[PDB]
Amino acid sequence: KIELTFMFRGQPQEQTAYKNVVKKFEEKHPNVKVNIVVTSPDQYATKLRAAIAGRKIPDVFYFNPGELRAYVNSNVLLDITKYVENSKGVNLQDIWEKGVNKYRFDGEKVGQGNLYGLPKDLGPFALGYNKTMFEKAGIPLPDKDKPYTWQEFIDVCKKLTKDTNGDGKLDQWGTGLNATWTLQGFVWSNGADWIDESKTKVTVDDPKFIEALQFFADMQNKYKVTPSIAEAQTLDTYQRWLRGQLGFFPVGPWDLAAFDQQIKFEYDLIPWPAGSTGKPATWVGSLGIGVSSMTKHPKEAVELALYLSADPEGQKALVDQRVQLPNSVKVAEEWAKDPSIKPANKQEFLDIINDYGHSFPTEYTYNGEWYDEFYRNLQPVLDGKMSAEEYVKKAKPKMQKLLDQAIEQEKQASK
Ligand SMILES: OC[C@@H]1O[C@@H](OC[C@@H]2O[C@@H](OC[C@@H]3O[C@@H](OC[C@@H]4O[C@@H](O)[C@H](O)[C@H]4O)[C@H](O)[C@H]3O)[C@H](O)[C@H]2O)[C@H](O)[C@H]1O
Ligand SMILES: [Ca+2]
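Residues numbered from 1 in each chain as written, not as in the entry; some residues may be left out. Chains lettered and ligands numbered in written order. Heavy atoms only, no water. Residues with missing side-chain atoms left out of burial classes, pairs and counts.

Another point: the overall build of the protein. When helices and strands are tallied, the protein shows 19 helices and 13 strands. Its C-alpha radius of gyration of 22 Å places the protein within 12% of the 22 Å reference for a compact globule of 415 residues. The C-alpha extent of the protein, read off along each of the three principal axes, is 65 × 50 × 35 Å. Across the protein, the fraction of contacts at a sequence separation of at least 24, relative to all contacts at a separation of at least 6, is 71%. (Helix = DSSP H or I, 4+ residues; strand = E, 2+ residues; numbered from the N terminus. Rg over C-alpha atoms; globule rule 2.2 N^0.38 Å. Contact = heavy atoms within 4.5 Å.)

Here we come to the site of ligand 1. As a structural note, the neighbourhood of ligand 1 is formed by 21 residues, with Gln11, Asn64, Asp121, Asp255 and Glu363 the closest of them. Here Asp121 contributes a side-chain N or O atom positioned 2.7 Å from an oxygen atom of ligand 1. Between an oxygen atom of ligand 1 and a side-chain N or O atom of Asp255, the distance comes to 2.6 Å. When isolated, ligand 1 has an accessible area of 760 Å², and the protein chains bury 89% of it. Of all the secondary-structure elements, those providing two or more residues to the shell around ligand 1 are β9 (248–251) and β11 (282–285). Residues belonging to the shell around ligand 1 are distributed by class as follows: eleven nonpolar, five polar and five charged. (Near = heavy atom within 4 Å. Polar contact = N/O pair within 3.5 Å; in protein donor to acceptor, adjacent residues only side chain to side chain. Areas by Shrake-Rupley, 256 points an atom, 1.4 Å probe, with all protein chains shown as cover. Nonpolar A, V, L, I, M, F, W, Y, C, P; charged D, E, K, R; others polar.)

The subject of this paragraph is the pairing of strand β1 (residues 2–9). Looking at chain direction, β1 and strand β2 (residues 32–39) are connected through eight bridges and run parallel. Opposite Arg9, over in β2, you have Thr39 as the bridge partner. Handedness of the β1-helix α1 (residues 12–28)-β2 crossover: right-handed. (Pairing = 2+ DSSP bridges. Right-handed = clockwise from strand over helix to strand, strands pointing away.)

Shown next as structure tokens:
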């Protein structure tokens, strides 16, 4: 009798997993029908923005924690606090506190007060290595606790870069990192950030930031421990990792199902190499599951959001289908200890959540345009056509203008 629209995003294996779990929800609530709108991750923001602009908002949807305040200000997200309190069987205190608090807002600050969404997951972005390749090369395995230095990391990456079939041409590389998702840990571990502590000033022109960015670009262009520009164009580094051509590549929990299907070599997780702080760093991701402020069926919509985020049966299905780690802290701790489930050091995911994972800088700002500007024109640096020092000096005032505007627009939208 009652229809809900659920909008979300995912890689192919995520789409399959959530479609399955939505069917499980529909089996449990035979009166509720769920209509699915799903996109690829890169197409999502545009589609959701269009839907909000038209005020034709899906009943339940994924959203970016960095938009929480903006969404509250424009009355996009329903206050779901009472629906959550009033539903027996769920105790949000069993869920990662860092996850739940990203979607609390008390009228002035994020992290406390009323619930405007539920955490899809936490998404620690670990470093993986190809154990098969190491062992075939006779290189000592990485330590599971002690981070490589940047020099040590390049040194092993060079040893792994070789012509393995003796035809004259390199066919195996140390790594092939995507700056969009892996530059953060190098910047952070080098004691830098995109913005200052107050989150109001752009700081990409910090010598430590420049050093990190230049080191990143140098992996491809100077140290030559990656496929060439043209080789990455031919087949991207994610695909080359799947095919066993790369010694190191990141791993998120959402990758696990895809890796189960496609990766034939043995791989495991380690800390990221550490810069000047000697402490590894990476990001912990998250998406919120929100309910439309204008939903005609708030009780059921929240029941869907709860089934995906906190319900032990919905959660067990998602974890079983290998697209995320348990939202329940206890289930997660037990999961990590089970040696029948690989990677062997999946504990690293929890260490990231608990110890050395950070949030994306845009989670602290009212919108992310200032940060999108940094990446928009980054490619000449990565391709060795422009120095990191020259780019950040050019980008900084453009980023700063956009960040100032976000700060002002917050002031005007919250009145
Ligand atoms: O190209 C290969 C692909 O890229 C790498 O993954 C990067 C992206 O992760 C996938 O999405 C996973 C979701 O994102 C996580 O949150 C990250 C950010 O944190 C918040 O600030 C933002 O809202 C959110 O964007 C979340 O925990 C997780 O569900 C996406 O498909 C990839 O583009 C990997 O190397 C490989 O999968
Ligand atoms: Ca060869």
